[PDB]
Amino acid sequence: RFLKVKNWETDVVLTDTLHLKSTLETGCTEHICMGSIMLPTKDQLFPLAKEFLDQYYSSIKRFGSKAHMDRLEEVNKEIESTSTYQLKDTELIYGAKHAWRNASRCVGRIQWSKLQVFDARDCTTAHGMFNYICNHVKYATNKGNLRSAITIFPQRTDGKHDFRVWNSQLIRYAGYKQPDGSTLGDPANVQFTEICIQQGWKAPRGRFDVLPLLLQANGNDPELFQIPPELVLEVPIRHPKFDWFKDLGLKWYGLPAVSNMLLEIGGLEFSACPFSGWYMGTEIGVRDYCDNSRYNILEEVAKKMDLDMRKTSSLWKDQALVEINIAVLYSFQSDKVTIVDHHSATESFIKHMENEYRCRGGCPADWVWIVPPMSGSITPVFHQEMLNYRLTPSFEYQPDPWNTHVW
Amino acid sequence: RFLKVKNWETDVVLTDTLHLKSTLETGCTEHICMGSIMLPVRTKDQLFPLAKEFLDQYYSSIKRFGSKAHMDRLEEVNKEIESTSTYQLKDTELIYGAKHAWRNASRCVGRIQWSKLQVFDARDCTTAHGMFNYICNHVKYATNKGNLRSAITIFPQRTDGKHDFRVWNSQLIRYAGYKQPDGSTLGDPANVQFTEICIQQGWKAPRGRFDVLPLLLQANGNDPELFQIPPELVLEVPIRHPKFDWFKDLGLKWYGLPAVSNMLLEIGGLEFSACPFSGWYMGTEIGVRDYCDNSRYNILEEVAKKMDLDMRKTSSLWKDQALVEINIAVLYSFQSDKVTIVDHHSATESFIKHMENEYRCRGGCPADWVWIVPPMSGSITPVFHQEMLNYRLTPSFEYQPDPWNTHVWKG
Ligand code: HEM
Ligand code: HEM
Ligand SMILES: Nc1ccc2ccc(CNc3cccc(F)c3)cc2n1
Ligand SMILES: Nc1ccc2ccc(CNc3cccc(F)c3)cc2n1
Ligand SMILES: C[C@H](O)[C@H](O)[C@H]1CNc2nc(N)[nH]c(=O)c2N1
Ligand SMILES: C[C@H](O)[C@H](O)[C@H]1CNc2nc(N)[nH]c(=O)c2N1
Ligand SMILES: [Zn+2]
């Protein structure tokens with residue numbers, strides 16, 4: 001019941017008690033592990049609020065206090081009365097920082113307590129949402145010196161008045177299906193680049209067109225807004241050796257801002273809560289650039305390197321994969337835009353695990369996601385045993401709006 | 001109950017029913033996943049159902065389920081158990097069990113080869129000397145002058161746990177590790193503790209960077225004995241790089257035959273504590289883990305220095321770069337010497353095909369994603385994007401405690 005994790009590279013053993021506070025489920029059973037599966041009323045609400053408020057008041061060392069008991073009382077009243085309740089700004093901030101702290105798939109959590117929270121709960125319209133999002137983007141971008149932020153739109157009420165950002169990230173590149181049959185731009189966003197035009201967007205049919213925001217306020221039809229280009233920081237990608245690299249025509253945006261997730265605090269559901277940090281270099285160079293179902297530029301880059309692409313045994317994909325990732329990092333760094341390499345970030349995570357085990361008694365972590373998509377075993381996390389479990393507050397996945405929107 | 005796995009690269013969805021025939025536990029619960037934990041004397045009481053379960057499996061495979069031959073064999077085994085408290089497998093059953101243990105090995109990317117396993121029945125063995133002979137023959141057969149063949153040699157099953165056959169080596173062929181007084185290590189740091197035991201057991205160590213360890217062999221629960229594998233039987237490959245001529249001068253070589261000797265084979269409740277098995281290497285095993293792990297030979301530094309890389313900032317990816325060339329060198333050297341080896345791209349690609357075939361013909365293929373995905377270049381192999389289900393089927397290979405920790409010394 002009191003669990004240990006061993007690091008096989010350093011013999012360091014940590015003991016995990018935190019997992020016993022776990023409330024949600026994993027998909028796994030004693031008979032089968034689903035560790036590699038990508039996505040496995042008034043009554044419900046007060047215990048949920050209670051547990052949250054209890055951990056909140058314990059964190060400020062006022063567990064079992066007047067204010068504590070009073071707040072529980074006050075929240076208990078408001079639920080009984082209104083069937084929902086509203087968070088204090090203090091609780092909202094604590095809640096958000098903690099959903100990030102608890103995101104078992106996030107390698108970047110060492111920075112969890114340094115989140116800028118923007119309370120956008122007074123928002124009523126898509127234009128309103130657009131305004132808050134532009135403010136978020138400008139604030140987080142910070143001329144290249146990136147700062148983590150989240151902007152929180154009103155909480156779900158009856159699932160009819162939902163606030164939703166339809167973009168999966170605030171900033172993504174368009175992708176267009178061709179008569180040629182191939183794909184121009186980012187193939188991940190073909191369907192979204194369609195719905196944008198299917199709702200009125202005028203695509204400049206390019207390779208790296210910044211997609212328009214599709215914003216849904218109070219469960220209404222979504223509206224298209226173009227983010228001011230001067231707010232979208234992009235990095236042209238060159239290699240610190242191969243000057244043919246610039247010719248490839250590649251760039252990427254500085255601000256990774258995940259916008260499709262659902263933030264759950266004390267039972268309350270924030271369906272629109274776009275958040276942003278900064279990139280680990282592999283996200284762009286390994287996944288965004290070299291994934292088969294993405295920009296898949298491996299074959300081209302290898303050719304330009306004149307590699308023996310005849311046999312897989314030459315490891316030409318590996319060679320190029322490395323150079324590509326060297327270039328992403330080099331471009332960002334030279335352009336003074338925040339980025340972290342997978343070595344630095346994984347090392348930071350181990351230190352953070354150490355810290356969390358020490359000061360909190362554990363740190364939930366999904367090894368399948370924490371290990372970088374390249375050079376896995378030359379990073380410390382590879383040899384780190386991890387325990388995966390779900391704590392609240394949390395970020396959860398949620399259905400794509402176009403499958404759900406009661407139009 | 002049906003279960004589905006999706007490949008996010010190809011959108012291929014598959015349906016698992018095989019997980020239903022799963023008995024053993026995972027370590028996971030509804031409230032915690034222990035998917036990245038490395039490792040999470042038996043009565044007749046529970047022996048009959050394990051025997052029966054196995055024999056039912058066996059007679060279905062040969063399409064004789066419920067036949068008279070099936071029934072009599074159940075009766076035969078039942079009788080032998082209540083009379084003797086254990087039982088003996090037929091040759092046919094032993095061969096079936098060993099192959100299926102491999103087929104069920106959820107952490108093995110090489111399972112496409114599962115049905116082509118050479119089973120050596122060493123159950124008539126009685127002494128360490130006999131064990132040495134059987135192993136010598138295994139090594140020679142499997143090695144096959146560089147054209148490697150999968151084999152497993154099976155020594156007598158456990159009885160009371162006091163007469164165990166064990167091979168004390170973790171692999172039949174492995175290099176010595178020596179701790180120096182200055183704290184540096186000479187050779188393979190993975191094998192320091194085992195090297196010490198050997199030395200204490202009377203081994204005269206050459207103390208070089210690539211000394212082949214002697215076999216330490218335990219028969220019938222007696223104290224282990226030291227044997228030197230004939231060097232002519234140990235096939236080795238000098239590591240060079242196709243473009244880098246300074247690479248030969250690094251002084252590296254590796255042995256051709258990966259032959260794991262410390263696992264336990266379970267078949268119908270029977271426990272085979274000595275069952276060394278061998279296949280061939282995937283390049284990354286040597287090139288990534290054996291050479292470049294910090295806790296191993298750890299040559300990244302020296303290789304990177306010789307390539308003149310920027311080693312001042314980690315963001316130069318010098319480690320990543322040096323890692324690739326080292327793995328290129330391993331593949332190149334092995335192929336150049338006509339010693340069987342497989343690259344991680346070929347191996348994972350073949351595994352996806354095997355896995356798909358298994359879902360179709362068997363209703364599933366248990367797979368441990370954490371182990372199946374190669375330790376470099378993960379997402380540029382098809383297994384990375386492949387959802388998998390992990391569950392335990394028998395027959396199976398299991399871990400077991402190191403013998404020096406449990407052994408009662410005779411003297
Ligand atoms: C500040 C620097 C940050 C870095 C370097 C970072 C890094 C990463 C990486 C590499 C992943 C793997 C995702 C993938 O490969 O597709 C990830 C996932 C994730 N991150 Fe972080 N992150 C950062 C900030 C944040 C912030 C500010 C939040 C929330 C407020 C957050 C929450 C999450 C969540 C919930 C996931 C998993 C999402 C899912 O399940 O799909 N991260 N992060
Ligand atoms: C024939 C070519 C083979 C290849 C290329 C291959 C490949 C691999 C690799 C790369 C691993 C991961 C081990 C690590 O990274 O440390 C593994 C694990 C494993 N292999 Fe295979 N293998 C082969 C044959 C065999 C055979 C013949 C058997 C048994 C008869 C076997 C049984 C296992 C088992 C039980 C594991 C899991 C070990 C553990 O849990 O520690 N393999 N294999
Ligand atoms: N660098 C970062 C920072 C935060 C992240 C949060 C989530 C994810 C997961 N990727 C993701 C999830 C949903 C939509 C999407 F477009 C990407 C990656 C991150 N990557
Ligand atoms: N190429 C192969 C073939 C079979 C294998 C079987 C097991 C393992 C796991 N590694 C291992 C297990 C026990 C001792 C040891 F030294 C290595 C790797 C394999 N690697
Ligand atoms: C913690 C984790 O279980 C451990 O480091 C694993 C990771 N995956 C692995 N995968 C393979 N193939 N071989 C290994 O030794 C390991 N080590
Ligand atoms: C099948 C598997 O769950 C899927 O490909 C995962 C593997 N690990 C990952 N890890 C990260 N960081 N991001 C991902 O998208 C994925 N994809
Ligand atoms: Zn699990």
# chains A, B, ... in the order shown; residues from 1 in each chain; ligands from 1

call {"tool": "residues_near_ligand", "arguments": {"ligand": "ligand 1", "cutoff": "8 Å", "atoms": "only C-alpha atoms and all ligand atoms", "output": "PyMOL selection string"}}
result
chain A and resi 96-97+99-100+103-109+111-112+115+147-150+261+275-280+282-283+287+339-340+345+369-370+372-373+394-397

call {"tool": "closest_atom_pairs", "arguments": {"of": "chain B", "to": "ligand 5", "cutoff": "6 Å", "atoms": "only C-alpha atoms and all ligand atoms", "output": "Markdown table"}}
result
| residue | atom | partner | partner_atom_place_in_ligand_line | distance |
| --- | --- | --- | --- | --- |
| B:36 | CA | ligand 5 | 3 (O) | 4.4 |
| B:37 | CA | ligand 5 | 3 (O) | 4.8 |
| B:38 | CA | ligand 5 | 3 (O) | 3.9 |
| B:370 | CA | ligand 5 | 8 (N) | 5.0 |
| B:371 | CA | ligand 5 | 10 (N) | 3.5 |
| B:372 | CA | ligand 5 | 12 (N) | 5.9 |

call {"tool": "residues_near_ligand", "arguments": {"ligand": "ligand 2", "cutoff": "6 Å", "atoms": "only C-alpha atoms and all ligand atoms", "output": "NGL selection string"}}
result
:B and (102 or 105 or 107-110 or 150 or 152 or 277-282 or 285 or 397)

call {"tool": "residues_around", "arguments": {"residues": "residue 45 in chain A", "least_positions_apart": "3", "cutoff": "12 Å", "atoms": "only C-alpha atoms", "output": "JSON, numbers by chain"}}
result
{"A": [41, 42, 48, 49, 50, 51, 52, 75, 76, 78, 79, 80, 82, 83, 84, 85, 86, 264, 265, 266, 267, 268, 269]}

call {"tool": "interface_residues", "arguments": {"of": "chain B", "to": "chain A", "cutoff": "7 Å", "atoms": "only C-alpha atoms", "output": "ChimeraX atom specification"}}
result
/B:9,22,24-37,293,295,314-317,320-321,324,328,331,343,345,369-370,375-380,387-391

call {"tool": "closest_residue", "arguments": {"among": "B:220, B:261, B:7, B:200", "to": "residue 127 in chain B", "atoms": "only C-alpha atoms"}}
result
B:220

call {"tool": "residues_around", "arguments": {"residues": "residue 253 in chain A", "least_positions_apart": "5", "cutoff": "12 Å", "atoms": "only C-alpha atoms", "output": "mmCIF file with N, CA, C and O atoms, in the first residue's frame"}}
result
data_model
loop_
_atom_site.group_PDB
_atom_site.id
_atom_site.type_symbol
_atom_site.label_atom_id
_atom_site.label_comp_id
_atom_site.auth_asym_id
_atom_site.auth_seq_id
_atom_site.Cartn_x
_atom_site.Cartn_y
_atom_site.Cartn_z
ATOM 1 N N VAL A 137 -2.219 35.593 -25.274
ATOM 2 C CA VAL A 137 -1.134 35.370 -26.234
ATOM 3 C C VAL A 137 -0.013 36.399 -26.112
ATOM 4 O O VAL A 137 1.177 36.046 -26.047
ATOM 5 N N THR A 141 3.585 35.346 -24.702
ATOM 6 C CA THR A 141 4.667 35.456 -25.680
ATOM 7 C C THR A 141 5.788 36.329 -25.138
ATOM 8 O O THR A 141 6.954 35.911 -25.150
ATOM 9 N N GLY A 144 9.231 36.858 -26.783
ATOM 10 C CA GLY A 144 10.152 35.727 -26.864
ATOM 11 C C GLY A 144 10.563 35.144 -25.523
ATOM 12 O O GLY A 144 11.035 34.004 -25.450
ATOM 13 N N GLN A 169 -5.101 23.987 -30.503
ATOM 14 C CA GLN A 169 -4.201 24.980 -29.920
ATOM 15 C C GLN A 169 -4.600 26.354 -30.456
ATOM 16 O O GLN A 169 -5.092 26.455 -31.587
ATOM 17 N N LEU A 170 -4.387 27.392 -29.649
ATOM 18 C CA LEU A 170 -4.658 28.773 -30.050
ATOM 19 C C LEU A 170 -4.010 29.084 -31.385
ATOM 20 O O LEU A 170 -4.625 29.707 -32.256
ATOM 21 N N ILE A 171 -2.769 28.621 -31.545
ATOM 22 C CA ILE A 171 -2.006 28.832 -32.769
ATOM 23 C C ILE A 171 -1.602 27.502 -33.409
ATOM 24 O O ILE A 171 -0.817 26.765 -32.822
ATOM 25 N N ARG A 172 -2.150 27.196 -34.592
ATOM 26 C CA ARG A 172 -1.739 26.017 -35.385
ATOM 27 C C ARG A 172 -1.734 26.342 -36.877
ATOM 28 O O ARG A 172 -2.431 27.257 -37.304
ATOM 29 N N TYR A 173 -0.966 25.583 -37.664
ATOM 30 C CA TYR A 173 -0.903 25.786 -39.117
ATOM 31 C C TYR A 173 -1.981 25.001 -39.874
ATOM 32 O O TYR A 173 -2.324 23.868 -39.516
ATOM 33 N N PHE A 208 2.176 27.164 -44.215
ATOM 34 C CA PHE A 208 2.161 27.518 -42.804
ATOM 35 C C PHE A 208 1.187 28.657 -42.516
ATOM 36 O O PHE A 208 1.584 29.676 -41.937
ATOM 37 N N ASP A 209 -0.077 28.501 -42.902
ATOM 38 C CA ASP A 209 -1.060 29.561 -42.633
ATOM 39 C C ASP A 209 -1.527 29.482 -41.191
ATOM 40 O O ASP A 209 -2.047 28.442 -40.773
ATOM 41 N N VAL A 210 -1.358 30.560 -40.423
ATOM 42 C CA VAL A 210 -1.868 30.539 -39.050
ATOM 43 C C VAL A 210 -3.396 30.445 -39.079
ATOM 44 O O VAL A 210 -4.061 31.316 -39.632
ATOM 45 N N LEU A 211 -3.939 29.370 -38.501
ATOM 46 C CA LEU A 211 -5.385 29.144 -38.491
ATOM 47 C C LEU A 211 -6.115 30.225 -37.693
ATOM 48 O O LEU A 211 -5.574 30.759 -36.718
ATOM 49 N N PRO A 229 -1.284 39.312 -36.525
ATOM 50 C CA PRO A 229 -0.041 38.618 -36.878
ATOM 51 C C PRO A 229 1.102 39.035 -35.963
ATOM 52 O O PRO A 229 1.939 38.190 -35.595
ATOM 53 N N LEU A 231 1.044 39.481 -32.987
ATOM 54 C CA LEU A 231 0.983 38.728 -31.735
ATOM 55 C C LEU A 231 1.456 37.277 -31.908
ATOM 56 O O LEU A 231 1.677 36.569 -30.915
ATOM 57 N N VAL A 232 1.589 36.826 -33.157
ATOM 58 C CA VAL A 232 2.001 35.437 -33.419
ATOM 59 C C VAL A 232 3.501 35.370 -33.689
ATOM 60 O O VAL A 232 3.952 35.602 -34.822
ATOM 61 N N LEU A 233 4.275 35.061 -32.647
ATOM 62 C CA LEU A 233 5.734 34.945 -32.791
ATOM 63 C C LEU A 233 6.099 33.645 -33.509
ATOM 64 O O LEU A 233 5.764 32.562 -33.033
ATOM 65 N N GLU A 234 6.768 33.756 -34.652
ATOM 66 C CA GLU A 234 7.234 32.574 -35.392
ATOM 67 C C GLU A 234 8.762 32.548 -35.472
ATOM 68 O O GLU A 234 9.407 33.607 -35.426
ATOM 69 N N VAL A 235 9.329 31.344 -35.595
ATOM 70 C CA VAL A 235 10.776 31.161 -35.736
ATOM 71 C C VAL A 235 11.124 30.464 -37.050
ATOM 72 O O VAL A 235 10.763 29.299 -37.260
ATOM 73 N N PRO A 236 11.862 31.157 -37.927
ATOM 74 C CA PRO A 236 12.320 30.523 -39.165
ATOM 75 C C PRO A 236 13.358 29.481 -38.804
ATOM 76 O O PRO A 236 14.203 29.764 -37.953
ATOM 77 N N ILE A 237 13.294 28.295 -39.405
ATOM 78 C CA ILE A 237 14.197 27.222 -38.989
ATOM 79 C C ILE A 237 15.408 27.047 -39.910
ATOM 80 O O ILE A 237 15.284 26.633 -41.080
ATOM 81 N N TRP A 278 5.925 26.732 -22.856
ATOM 82 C CA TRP A 278 6.875 26.818 -23.958
ATOM 83 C C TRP A 278 7.263 25.387 -24.383
ATOM 84 O O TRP A 278 7.028 24.410 -23.651
ATOM 85 N N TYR A 279 7.856 25.269 -25.564
ATOM 86 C CA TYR A 279 8.077 23.964 -26.171
ATOM 87 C C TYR A 279 9.328 23.269 -25.662
ATOM 88 O O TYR A 279 10.358 23.912 -25.416
ATOM 89 N N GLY A 281 12.004 20.977 -27.418
ATOM 90 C CA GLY A 281 12.381 20.981 -28.826
ATOM 91 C C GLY A 281 11.895 19.808 -29.656
ATOM 92 O O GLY A 281 11.629 19.961 -30.851
ATOM 93 N N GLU A 283 9.061 18.234 -29.498
ATOM 94 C CA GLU A 283 7.659 18.376 -29.891
ATOM 95 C C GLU A 283 7.517 18.833 -31.332
ATOM 96 O O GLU A 283 6.639 18.360 -32.056
ATOM 97 N N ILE A 284 8.413 19.726 -31.750
ATOM 98 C CA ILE A 284 8.418 20.265 -33.106
ATOM 99 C C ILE A 284 9.261 19.405 -34.051
ATOM 100 O O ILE A 284 8.811 19.051 -35.144
ATOM 101 N N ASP A 288 6.085 17.109 -34.611
ATOM 102 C CA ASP A 288 5.544 18.000 -35.648
ATOM 103 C C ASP A 288 6.195 17.861 -37.048
ATOM 104 O O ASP A 288 5.487 17.887 -38.051
ATOM 105 N N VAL A 328 16.017 23.088 -34.832
ATOM 106 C CA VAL A 328 14.893 23.714 -34.126
ATOM 107 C C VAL A 328 15.396 24.476 -32.908
ATOM 108 O O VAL A 328 15.170 25.689 -32.770
ATOM 109 N N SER A 331 17.522 27.545 -33.804
ATOM 110 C CA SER A 331 16.782 28.674 -34.333
ATOM 111 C C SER A 331 16.111 29.450 -33.216
ATOM 112 O O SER A 331 16.196 30.687 -33.161
ATOM 113 N N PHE A 332 15.432 28.717 -32.338
ATOM 114 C CA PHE A 332 14.749 29.321 -31.210
ATOM 115 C C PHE A 332 15.716 30.087 -30.315
ATOM 116 O O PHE A 332 15.491 31.273 -29.997
ATOM 117 N N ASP A 335 17.099 33.137 -31.763
ATOM 118 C CA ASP A 335 16.063 34.165 -31.855
ATOM 119 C C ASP A 335 15.546 34.573 -30.478
ATOM 120 O O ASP A 335 14.517 35.223 -30.377
ATOM 121 N N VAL A 337 13.923 33.072 -28.297
ATOM 122 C CA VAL A 337 12.615 32.535 -27.928
ATOM 123 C C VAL A 337 12.792 31.329 -27.000
ATOM 124 O O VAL A 337 13.643 30.467 -27.252
ATOM 125 N N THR A 338 11.986 31.270 -25.940
ATOM 126 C CA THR A 338 12.127 30.228 -24.931
ATOM 127 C C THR A 338 11.957 28.827 -25.545
ATOM 128 O O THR A 338 10.995 28.564 -26.275
ATOM 129 N N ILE A 339 12.891 27.930 -25.257
ATOM 130 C CA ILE A 339 12.733 26.522 -25.648
ATOM 131 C C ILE A 339 13.592 25.676 -24.716
ATOM 132 O O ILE A 339 14.613 26.158 -24.202
#

call {"tool": "residues_around", "arguments": {"residues": "residue 240 in chain B", "least_positions_apart": "5", "cutoff": "10 Å", "atoms": "only C-alpha atoms", "output": "JSON, numbers by chain"}}
result
{"B": [245, 246, 247, 248, 249, 250, 251, 252, 253, 326, 328, 329, 330, 331, 332, 333, 334, 336]}

call {"tool": "write_last_selection", "arguments": {"atoms": "N, CA and C atoms", "output": "short mmCIF file (atom, residue, chain, number, x, y, z; two decimals), in the first residue's frame"}}
result
data_model
loop_
_atom_site.label_atom_id
_atom_site.label_comp_id
_atom_site.auth_asym_id
_atom_site.auth_seq_id
_atom_site.Cartn_x
_atom_site.Cartn_y
_atom_site.Cartn_z
N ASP B 245 37.34 6.31 -39.31
CA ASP B 245 38.40 5.31 -39.22
C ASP B 245 39.06 5.28 -37.84
N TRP B 246 38.81 6.32 -37.05
CA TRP B 246 39.30 6.36 -35.66
C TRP B 246 38.48 5.46 -34.73
N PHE B 247 37.32 5.04 -35.21
CA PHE B 247 36.38 4.26 -34.41
C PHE B 247 36.93 2.88 -34.01
N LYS B 248 37.65 2.23 -34.92
CA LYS B 248 38.27 0.94 -34.61
C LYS B 248 39.19 1.08 -33.40
N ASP B 249 39.83 2.25 -33.30
CA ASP B 249 40.84 2.53 -32.29
C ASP B 249 40.25 2.74 -30.91
N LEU B 250 38.92 2.85 -30.84
CA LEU B 250 38.23 2.93 -29.56
C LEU B 250 38.39 1.61 -28.79
N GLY B 251 38.69 0.54 -29.52
CA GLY B 251 39.01 -0.74 -28.91
C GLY B 251 37.81 -1.63 -28.61
N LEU B 252 36.69 -1.36 -29.29
CA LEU B 252 35.43 -2.01 -28.95
C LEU B 252 35.15 -3.27 -29.78
N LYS B 253 34.50 -4.24 -29.14
CA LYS B 253 33.96 -5.41 -29.81
C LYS B 253 32.75 -5.86 -29.00
N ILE B 326 27.32 5.49 -33.19
CA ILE B 326 27.68 4.27 -32.48
C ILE B 326 26.78 3.11 -32.90
N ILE B 328 25.17 2.95 -35.73
CA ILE B 328 25.49 2.72 -37.13
C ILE B 328 26.67 1.76 -37.20
N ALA B 329 27.67 2.03 -36.36
CA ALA B 329 28.87 1.22 -36.29
C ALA B 329 28.59 -0.25 -35.87
N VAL B 330 27.67 -0.44 -34.93
CA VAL B 330 27.31 -1.79 -34.47
C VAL B 330 26.67 -2.59 -35.60
N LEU B 331 25.70 -1.98 -36.27
CA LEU B 331 25.03 -2.64 -37.39
C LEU B 331 26.04 -2.93 -38.50
N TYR B 332 26.86 -1.94 -38.83
CA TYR B 332 27.83 -2.08 -39.90
C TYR B 332 28.80 -3.23 -39.63
N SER B 333 29.29 -3.32 -38.40
CA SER B 333 30.32 -4.29 -38.08
C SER B 333 29.77 -5.71 -38.17
N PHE B 334 28.58 -5.89 -37.60
CA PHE B 334 27.90 -7.20 -37.55
C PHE B 334 27.57 -7.71 -38.95
N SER B 336 28.94 -6.66 -41.80
CA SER B 336 30.24 -6.86 -42.44
C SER B 336 30.86 -8.21 -42.09
#

call {"tool": "closest_residue", "arguments": {"among": "B:41, B:172, B:383, B:393", "to": "ligand 6", "atoms": "only C-alpha atoms and all ligand atoms"}}
result
B:383

call {"tool": "residues_around", "arguments": {"residues": "residue 118 in chain A", "least_positions_apart": "5", "cutoff": "10 Å", "atoms": "only C-alpha atoms", "output": "list in words"}}
result
residues 89, 92, 93, 132, 133, 135, 136, 149, 150, 151, 152, 153, 273 and 275 of chain A

call {"tool": "residues_around", "arguments": {"residues": "residue 206 in chain B", "least_positions_apart": "6", "cutoff": "12 Å", "atoms": "only C-alpha atoms", "output": "list in words"}}
result
residues 175, 176, 177, 178, 186, 187, 195, 199, 212, 213 and 214 of chain B

call {"tool": "write_last_selection", "arguments": {"atoms": "N, CA, C and O atoms", "output": "JSON list (two decimals), in the first residue's frame"}}
result
[["chain", "number", "residue", "atom", "x", "y", "z"],
["B", 175, "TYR", "N", 30.69, -9.91, -20.66],
["B", 175, "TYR", "CA", 32.01, -9.44, -20.27],
["B", 175, "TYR", "C", 32.16, -9.13, -18.76],
["B", 175, "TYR", "O", 31.22, -8.64, -18.12],
["B", 176, "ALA", "N", 33.34, -9.42, -18.22],
["B", 176, "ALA", "CA", 33.66, -9.13, -16.82],
["B", 176, "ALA", "C", 33.60, -7.63, -16.50],
["B", 176, "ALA", "O", 33.87, -6.79, -17.36],
["B", 177, "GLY", "N", 33.27, -7.31, -15.25],
["B", 177, "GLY", "CA", 33.38, -5.95, -14.74],
["B", 177, "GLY", "C", 34.23, -5.92, -13.49],
["B", 177, "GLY", "O", 34.03, -6.72, -12.57],
["B", 178, "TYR", "N", 35.20, -5.01, -13.44],
["B", 178, "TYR", "CA", 36.10, -4.93, -12.30],
["B", 178, "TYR", "C", 36.06, -3.55, -11.64],
["B", 178, "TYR", "O", 36.36, -2.54, -12.29],
["B", 186, "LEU", "N", 36.67, -1.20, -14.78],
["B", 186, "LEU", "CA", 37.28, -1.80, -15.96],
["B", 186, "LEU", "C", 36.34, -2.86, -16.53],
["B", 186, "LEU", "O", 36.03, -3.85, -15.85],
["B", 187, "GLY", "N", 35.89, -2.67, -17.77],
["B", 187, "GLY", "CA", 34.95, -3.59, -18.38],
["B", 187, "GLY", "C", 33.50, -3.18, -18.16],
["B", 187, "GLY", "O", 33.20, -1.99, -18.01],
["B", 195, "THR", "N", 31.20, -10.82, -11.43],
["B", 195, "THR", "CA", 32.63, -11.06, -11.68],
["B", 195, "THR", "C", 33.33, -11.40, -10.36],
["B", 195, "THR", "O", 34.16, -12.32, -10.30],
["B", 199, "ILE", "N", 35.46, -14.66, -9.31],
["B", 199, "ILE", "CA", 36.82, -14.55, -8.81],
["B", 199, "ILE", "C", 36.96, -15.27, -7.48],
["B", 199, "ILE", "O", 37.92, -16.02, -7.26],
["B", 212, "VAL", "N", 35.56, -12.61, -21.41],
["B", 212, "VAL", "CA", 34.34, -13.41, -21.39],
["B", 212, "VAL", "C", 34.26, -14.13, -20.03],
["B", 212, "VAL", "O", 35.23, -14.75, -19.61],
["B", 213, "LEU", "N", 33.13, -14.00, -19.34],
["B", 213, "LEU", "CA", 32.99, -14.54, -17.98],
["B", 213, "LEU", "C", 32.89, -16.06, -18.08],
["B", 213, "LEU", "O", 32.42, -16.58, -19.10],
["B", 214, "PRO", "N", 33.33, -16.78, -17.04],
["B", 214, "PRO", "CA", 33.17, -18.24, -17.09],
["B", 214, "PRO", "C", 31.75, -18.57, -16.72],
["B", 214, "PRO", "O", 31.11, -17.78, -16.02]]

call {"tool": "select_by_dssp", "arguments": {"residues": "range 159-401 of chain B", "states": "helix (DSSP H, G or I)", "output": "PyMOL selection string"}}
result
chain B and resi 189-200+231-233+248-250+283-292+300-306+314-316+318-336+344-362+369-372+378-380

call {"tool": "closest_atom_pairs", "arguments": {"of": "chain B", "to": "ligand 6", "cutoff": "6 Å", "atoms": "only C-alpha atoms and all ligand atoms", "output": "CSV"}}
result
residue,atom,partner,partner_atom_place_in_ligand_line,distance
B:384,CA,ligand 6,5 (O),5.0
B:385,CA,ligand 6,5 (O),3.4
B:386,CA,ligand 6,1 (C),4.4
B:387,CA,ligand 6,1 (C),4.0

call {"tool": "atom_distance", "arguments": {"atom1": "atom 7 (C, counted along the ligand's line) of ligand 3", "atom2": "CA of residue 262 in chain A"}}
result
11.5 Å

call {"tool": "select_by_dssp", "arguments": {"residues": "range 233-400 of chain A", "states": "strand (DSSP E)", "output": "PyMOL selection string"}}
result
chain A and resi 234-236+251-253+257-258+262-265+268-270+275-276+279-280+339-340+394-396

call {"tool": "closest_residue", "arguments": {"among": "A:157, A:167, A:226, A:182", "to": "ligand 3", "atoms": "only C-alpha atoms and all ligand atoms"}}
result
A:167

call {"tool": "atom_distance", "arguments": {"atom1": "CA of residue 295 in chain A", "atom2": "CA of residue 12 in chain B"}}
result
20.5 Å
